[PDB]
Amino acid sequence: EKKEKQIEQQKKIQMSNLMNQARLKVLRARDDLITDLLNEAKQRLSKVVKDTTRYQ
Amino acid sequence: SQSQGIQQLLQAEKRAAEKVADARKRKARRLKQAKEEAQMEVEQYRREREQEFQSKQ
């Protein structure tokens, strides 16, 4: 019980690592969405400077 | 025949003494056997629980 269930607790430990890493995975994906938006914004500002009167 | 009736009864007493002493010897033997068998049972129990543990893992 101590030890076969100690392995069961390691699996619980395993669940802790899986849930904690899953949380980081989705947070990283959300941060990529922000980064991609900023990169798109830069391209849109590139489109603006391609103008003449608006850029002046 | 008085002496003989007495001797015959003494022989019966002797046998009685033997019968209970032998019973006590058997008791001691049975107790040691009980301990060895117990351990053998423990080993079987152990094998079964080992199997359950591995199954569970």
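Residue numbers (full-length UniProt numbering), protein chains in the order written: chain C, 58 to 113; chain H, 3 to 59. All C-beta atoms, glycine included, are put in the ideal place defined by N, C-alpha and C.
At least one C-beta of chain H is nearer than 8 Å to the C-beta of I64/C. Close partners of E61/C in chain H (Cβ separation under 7 Å): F55, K58, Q59. A Cβ-Cβ distance of about 40 Å is found for the pair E61/C and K29/H, leaving them out of contact under the 8 Å criterion. For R111/C, the three-state secondary structure derived from DSSP is coil. Going by C-alpha positions, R32/H is about 15 Å away from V22/H. When secondary structure is reduced to three states using DSSP, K60/C falls in the coil class, being assigned neither helix nor strand. Bounds of any alpha helix (DSSP H) do not take in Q59/H, whose DSSP letter is neither H nor E.
When only Cα atoms are considered, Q71/C and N77/C end up about 10 Å apart.
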